[PDB]
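So you know, we letter chains A, B, ... as the sequences are listed, proteins then strands, and number each from 1.
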Amino acid sequence: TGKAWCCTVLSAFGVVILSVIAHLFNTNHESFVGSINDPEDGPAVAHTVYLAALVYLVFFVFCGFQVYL
Amino acid sequence: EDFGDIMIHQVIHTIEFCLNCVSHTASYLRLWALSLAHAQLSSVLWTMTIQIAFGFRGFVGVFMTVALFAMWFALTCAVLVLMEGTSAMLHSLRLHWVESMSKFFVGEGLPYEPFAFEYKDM
Amino acid sequence: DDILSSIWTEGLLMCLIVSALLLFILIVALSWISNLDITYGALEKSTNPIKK
Amino acid sequence: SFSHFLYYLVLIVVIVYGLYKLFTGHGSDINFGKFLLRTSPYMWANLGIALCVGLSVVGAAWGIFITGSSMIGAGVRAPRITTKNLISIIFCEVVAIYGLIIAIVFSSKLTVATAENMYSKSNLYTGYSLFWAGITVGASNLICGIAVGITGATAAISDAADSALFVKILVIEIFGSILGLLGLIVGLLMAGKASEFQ
Amino acid sequence: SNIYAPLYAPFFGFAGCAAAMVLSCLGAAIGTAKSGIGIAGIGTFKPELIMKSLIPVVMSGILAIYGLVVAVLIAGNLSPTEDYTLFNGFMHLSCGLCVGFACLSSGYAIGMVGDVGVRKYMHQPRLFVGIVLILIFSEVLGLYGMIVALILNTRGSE
Amino acid sequence: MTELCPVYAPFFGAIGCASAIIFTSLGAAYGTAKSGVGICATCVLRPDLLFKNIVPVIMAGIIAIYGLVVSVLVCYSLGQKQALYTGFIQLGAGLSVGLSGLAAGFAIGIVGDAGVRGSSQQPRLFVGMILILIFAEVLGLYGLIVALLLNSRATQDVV
Amino acid sequence: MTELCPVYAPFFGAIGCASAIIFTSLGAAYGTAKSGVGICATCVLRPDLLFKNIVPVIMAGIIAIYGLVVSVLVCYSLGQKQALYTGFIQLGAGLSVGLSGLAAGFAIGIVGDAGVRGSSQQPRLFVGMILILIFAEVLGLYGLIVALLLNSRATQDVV
Amino acid sequence: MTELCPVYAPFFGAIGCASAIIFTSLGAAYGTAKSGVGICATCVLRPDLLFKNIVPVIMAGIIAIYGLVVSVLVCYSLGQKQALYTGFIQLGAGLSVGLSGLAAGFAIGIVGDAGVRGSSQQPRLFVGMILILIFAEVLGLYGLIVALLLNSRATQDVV
Amino acid sequence: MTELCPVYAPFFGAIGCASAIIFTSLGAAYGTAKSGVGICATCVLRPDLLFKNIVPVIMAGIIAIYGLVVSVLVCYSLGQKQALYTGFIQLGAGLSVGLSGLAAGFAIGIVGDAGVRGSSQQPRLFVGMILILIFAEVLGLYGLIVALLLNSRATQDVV
Amino acid sequence: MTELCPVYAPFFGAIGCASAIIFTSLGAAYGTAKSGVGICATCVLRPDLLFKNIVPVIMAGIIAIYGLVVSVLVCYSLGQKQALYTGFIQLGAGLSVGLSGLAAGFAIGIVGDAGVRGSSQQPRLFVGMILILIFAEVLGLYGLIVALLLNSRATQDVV
């Protein structure tokens, strides 16, 4: 029900947006690390965000079985 | 007396048509304003919520990225789509009813309501 | 000796008319708010054995 | 009362203070000329731009609930009017647009000036003008907005009575709208010769 | 340089250009708003009598044309290169107060009379000319304020 | 620049020229209006007394002509170089006719709105309403006499 | 200019001249207004009493004459070069006759409206109304006795 | 001019001589009015009580004669070259009789209206209100004592 | 410290930052309470319209997010040593969005209160309120645009 | 002793500390007093709803904590020798949380008095009262945010 669809579509695109973000920090894209106030180390931030996306991936597969049944 | 009714309808038509060319052209500036506002709220929403999490590391940094993204995504889906979409949608409607349709739309027509049976909900 | 004053400098005066301005607005906004009154009739339960 | 007592206790201190300085040979100490000269012309110019778009929005928002609260009541029995009487909400919004066109024109005139040439003939001229022009456009559109709301609350009630009468009262509602357009003109003429701060 | 031409004198010239509009528009607003209440009020009984009873609203509009004229002329005699004397600014301040309060006065009389007359005109149609005559006395009050405000302008400069 | 003749001296004359138009007009607008309401109410029943009850409004227009005279007449006396004495006297001339003509208005308005309603009933009251209005119109004429004497002295024996 | 005779001295005099005719005209106007409203009601049903009932209006009108003769005597004592002593007194002469006549004007209107409505019900009340108005009209005379003594002292033994 | 005798010294005397007769008149006018309404309303049906109920109007007129005495004494004491002390005493003398005469005027107008309306219904009540008026008319007699007693000191032992 | 960088200069920024959330909060409270009482009156008999009639309560919450957006942008332009050019910019921005949202907010309350009551009686009258109510929420926006134009010019070419 | 750091700089900081707890307690108090009357009227008939309508009294109290927090923080920024800039930051913080919290209390007071009563005739209305009160609680949260961002900048990069 709606209690499960919510974290399914939410965590669907958390897997997508956070992974596209982490790809860019890793490759040191200018818009994400170009200014001084941006973080100094690109890949260190990506390591922290690859893991955050996996946490949403677990909520996705779990709630997928919940609604599927 | 009928010559008067053809005049007073013709004297009001001009004083409107001339003024309204100045007030309609100015109305279209809401295209600029609602664009600028939508853009700034989006950046402020990014700069307060997700830009913060990237400055953390460890298990505690991982948790904030999970918590802060959800609040970004939710305020985004509600404040910047529903609240802003319904505003802009109704301003687009205004420019048709009041600006475009004034130029050519006469109105006062009779509708078409034929006689037909239908299921009556009771 | 072309000063305006030692006590009532131009910098103090500009800051006291702006305070006066922002306070004038505030005092108005709190007059509109105080005059709010609740519409109690549509909340109470009223029934009569004459009409009903 | 209390609020009116203070208005009369201010008048009595301004008088006793003026006569203290005068009888003592110090009436020159109360000098409005220096205050106008020594105060910064950026103060006067940034009040006017704020009191133009601010006082214009007060008027527009005002007329929208006089015209809006009567239409909704009249619209219970005659729900067909809320789109025909909509034109009154349009002439009340548009005076706010006038206060935003000014602030576009006047904001261009906000530039930084050297410290030696700050209190010059031209930069004082330019602060005085953007102040009274903003007052002019704002206080005049405040009046055009309240008026058009009154006119358009009646035109809602007449239209619910009879569809024909709506057209006849619009003529009153057009002439009221001229007031805001004249104010815009007068302001632009004031600030026509004003030059950006050097 | 000149003691007769300080650099704050423009402050008093714009003050009159603003007082000629804010106070003259406030007169026109009071005439149209109050008259239109009387015109729309009868409109549920006698629609025929509206298209002749717009005389009170077009007199209120002329009041706003008086302040436009005075404000235009004042702004024409202002510049940041001209030597603008202090004498000239006190005149421009009184050019504006005169026509402003005089047109604020005309708009109060036109609204009160125009309201009652229309509401009472539907009962009696022979009352019309007397209403119009009373509305002419309320209009010349705004003319007296600008016959004065065009002399002051002429003498302030020269 | 002289001590007798400062640069701020014309200020006091300007406020006198303007005071005479401000407080007469507000006095003529009050009387014209209220007299105009009492006339309209009666003429529904009796519109044959319309051009005879417009006398209160004429009285109140003579009040506003009292104030145009003075303002016109002191404005020809204004100058870049003048003395404070000339300014203090022009302010007095305007406040006199101004605030004394405001008084006549509040009388002519109260009496007119009553004697017009009462003359429709008893026609013998139309010559009582005119005596009383004469005693009201005379109040603004006294303030005009004072002004014309003050204005005469403003440029008399002055340096 | 001089220590005893500075430039701003005519201001208080020019304001003392107007204050006499301003505040008497306001009092004389509160009189004719209310008494006029009472007259125009009673004389609907009893017109014969119209001429008798104009007496309160005449009493209010004589008030404004007190503020005129004082304002005239002050005009002819003004000057570009006069002393503050002469200028302060002229203010106290004008406030006295001015704000006294204002008080006589409110008494007369409130009494003149009461006794005139009640004298059409009882004629004997008429000589009593008059006797009460004399006390209220003599208040403005005390303010005139004080003004006239002052003005006669404003130019006495002065440098 | 001098340390102990400035030029702005007579300002406080003229405001004394004025303020004395002003407030006693405002006080005597409240009483003559609020009592005048009660007399006329009652003496329609009891017109022989008329000359016996005019006592409050007389007493209120005695208040105004207290302000005349003080004003005339202060007037003769005014001079171009007087000390501030002599002026402060003139101000306090006028403020004392004046603002004490308002109160007596209020106290006489409230009691006159009640005891005149009652004296019609009960004759024995007429002798009772007069006492209550003595205890009011003597309040103003106290402000006179102080004023007369101050002005004695305004001039003696003064440089 | 300098002619162009005084020490009272940040006062106009801090007072401007504060007044943007103060004036917009007050507006969104007048418009939440006022609207909110109609919802608590119609949904005693028509509980099925509850979620549809919270739309006025939404529109006022957006007025408050605007004032928060301006307080956040002017705050990061503050400094101990900033010009007086910069300070008055920071002022006009807060005075614009604040005074504009306060006015918009009150209209949302008055119009939203009436709509919820009417649409309960006429379900065709909901869309008519949704139209009228957008022209109020857009006036808080027109104040926001001015604040943004000015902030751009804040620290441009400053020295 | 220093131009940047005067002796009067703590004056603005202490007012800012006092003003944050004062204007939140006035709003927090209106909310309890106003919504506490409604609870006591409904729960004489139905006290089964007593531990369910305390929510407006909870939320009015959550405001008064938003000020206690801010007041504590600025109190630890105070010092005998500090920049005048730091004093302005402190005042802006206290007003913003205060006058925005006063606004939140007026709303909570109205909607909770009208809501508890209407919920006594319709239980489905409780769920809407809860929403309308979150949009008012959040008006005070915004003022806290502006306060803590200001205080963050109070002592950094200051001499």
Side-chain angles (χ1 to χ4, degrees), chain D residues 32-33 36 121 124-125 128-129 132-133 136 186 189-190 192-194, chain E residues 1-21 23-24 66-103 144-157, chain F residues 5-22 67-68 70-84 86-91 93-94 151 154-155:
Chain D
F32 298 92
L36 293 176
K121 182 174 176 177
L124 294 174
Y125 185 87
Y128 297 152
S129 180
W132 292 107
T136 301
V186 173
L189 291 174
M190 291 178 182
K193 293 182 179 179
Chain E
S1 173
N2 190 3
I3 56 170
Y4 292 99
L7 302 174
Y8 58 87
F11 185 80
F12 296 101
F14 293 114
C17 185
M21 299 302 296
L23 276 61
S24 297
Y66 293 163
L68 185 71
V69 173
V70 172
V72 169
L73 297 169
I74 292 165
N77 288 317
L78 293 167
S79 180
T81 63
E82 187 187 2
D83 289 329
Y84 187 75
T85 63
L86 181 63
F87 174 68
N88 191 358
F90 293 155
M91 305 300 280
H92 283 170
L93 175 62
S94 59
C95 298
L97 293 170
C98 288
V99 66
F101 288 106
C103 292
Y144 295 157
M146 67 184 292
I147 298 299
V148 174
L150 294 178
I151 294 164
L152 298 169
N153 192 3
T154 305
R155 289 186 66 87
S157 297
Chain F
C5 296
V7 302
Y8 61 90
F11 181 74
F12 296 102
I15 304 302
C17 182
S19 299
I21 301 297
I22 289 164
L68 180 64
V70 177
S71 296
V72 162
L73 190 67
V74 307
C75 184
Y76 291 162
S77 297
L78 293 173
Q80 188 180 4
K81 295 179 178 182
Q82 69 178 1
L84 279 175
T86 301
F88 292 151
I89 297 295
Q90 289 170 356
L91 182 64
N151 192 4
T155 60

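Rounding to the nearest 0.5 Å places OG of E:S94 at 8.0 Å from CG of F:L78. Considering CH2 of D:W132 and CE of D:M190, their distance stands at 9.5 Å, rounded to 0.5 Å. Taking CD of F:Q90 as the start and OG of F:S19 as the end, the distance is 11.5 Å to the nearest 0.5 Å. Taken to the nearest 0.5 Å, the CG atom of D:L189 stands 8.5 Å off from the CG atom of E:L68. One distance of note links OG1 of E:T85 with CG of E:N2; it measures 8.5 Å at 0.5 Å rounding.
Proximity of a side-chain donor or acceptor of E:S157 to a complementary backbone N or O of E:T154 within less than 3.5 Å is not detected. Here the side chain of D:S129 pairs no donor or acceptor atom with the backbone of D:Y125 at under 3.5 angstrom. At least one donor-acceptor pair closer than 3.5 Å links the side chain of D:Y128 to the backbone N or O of D:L36.
Listed here is the closest heavy atom pair of E:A102 and E:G145: CB-CA, 4.0 Å. Heavy atoms only, all atoms of each residue included: E:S24 and E:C103 are closest at OG-CB, 3.9 Å. Of all heavy-atom pairs between E:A71 and D:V186, the closest is CB-CG1, 4.1 Å. Scanning both residues, E:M91 and E:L152, for their nearest heavy atoms gives CE-CD2, 3.5 Å. Looking at every heavy atom in both residues, E:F87 comes nearest to E:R155 through CE2-O, 3.7 Å.
Taking D:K193 as the reference, nothing meets the salt bridge (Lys or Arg N to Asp or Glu O under 4.0 Å) condition, with sequence neighbours excluded. Scanning for side-chain contact (heavy atoms from CB on, under 4.5 Å) contacts around E:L86 gives E:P6, E:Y8, E:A9, E:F12, E:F90, F:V7, with sequence neighbours left out.
Side chains of F:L84 and F:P6 form a contact here, defined as non-hydrogen atoms less than 4.5 Å apart. In this structure, the side chains of F:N151 and F:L73 come closer than 4.5 Å at one or more pairs of heavy atoms. Taking 4.5 Å as the limit, every side-chain heavy atom of E:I147 sits out of range of all side-chain heavy atoms of F:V72. At a threshold of 4.5 Å between non-hydrogen side-chain atoms, the residues F:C17 and E:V148 count as touching. Under the 4.5 Å side-chain criterion, counting only non-hydrogen atoms from C-beta, F:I21 is not in contact with E:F101. With contacts defined as side-chain heavy-atom distances shorter than 4.5 Å, the pair D:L124/E:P10 does not qualify. For the pair E:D83 and D:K121, the minimum side-chain heavy-atom distance is below 4.5 Å. Counting only heavy atoms from C-beta outward, the side chains of E:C17 and D:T136 never approach each other to under 4.5 Å.
More than 12 heavy atoms of other residues, nucleotides or ligands shown are found within 6.0 angstrom of CZ on E:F11.
Between E:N153 and E:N77, the side chains place a donor N or O and an acceptor N or O closer than 3.5 Å (distance only, hydrogens not considered).
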